[PDB]
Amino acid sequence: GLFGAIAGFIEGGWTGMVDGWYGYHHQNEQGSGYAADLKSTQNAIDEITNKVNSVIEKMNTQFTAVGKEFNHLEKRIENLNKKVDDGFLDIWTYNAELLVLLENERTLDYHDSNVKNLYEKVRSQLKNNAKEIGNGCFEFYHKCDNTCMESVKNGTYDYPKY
């Protein structure tokens, strides 16, 4: 919803496609088929993984034993100690709560970007040779066989065609 792609001009998702996060659904004479973009899906997985392994792996703690013992004549420093424990409780709770809210918003925008970026990367390939429906789908102006699609999803798409 930040790049207009996911849940935007491309309303729903394909329960059919199960090879990756982003892909295509071709429809020629040879037949219909869902095919996930390997390279793109493979890159996101590598980056999102690194993201999770950053939020986790950057938390390196010390070896300490929280909790101390005080007698009935040390209620003050007992409360001081409690203040230190509650201070650290509010700081980590808040920071962890917001860190997730923010990085969730960003992660969803990351996928939105990746989809839109995929759109555009194909749309400019084949400018005239097809028209934009508006639903993330293109309608070819010429016979596009399996090895024709294969050159679009491949990034190696000839224009000596019409």
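A residue's number is simply how far along the shown sequence it sits, counting from 1.
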item	value
Mean temperature factor over C-alpha atoms, higher-scoring stretch between 141-149 and 16-24	141-149
Between 65-73 and 36-44 (mean CA B-factor, as deposited), the higher	36-44
Residue, from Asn129, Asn135, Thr49, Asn114, that the PDB entry assigns the highest Cα B-factor	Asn129
Chain thirds of CA B-factor: placement of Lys58	lowest
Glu105 - which third its CA temperature factor falls in, relative to the rest of the chain	lowest
Assigned third (lowest, middle, highest) for the C-alpha B factor of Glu120	middle
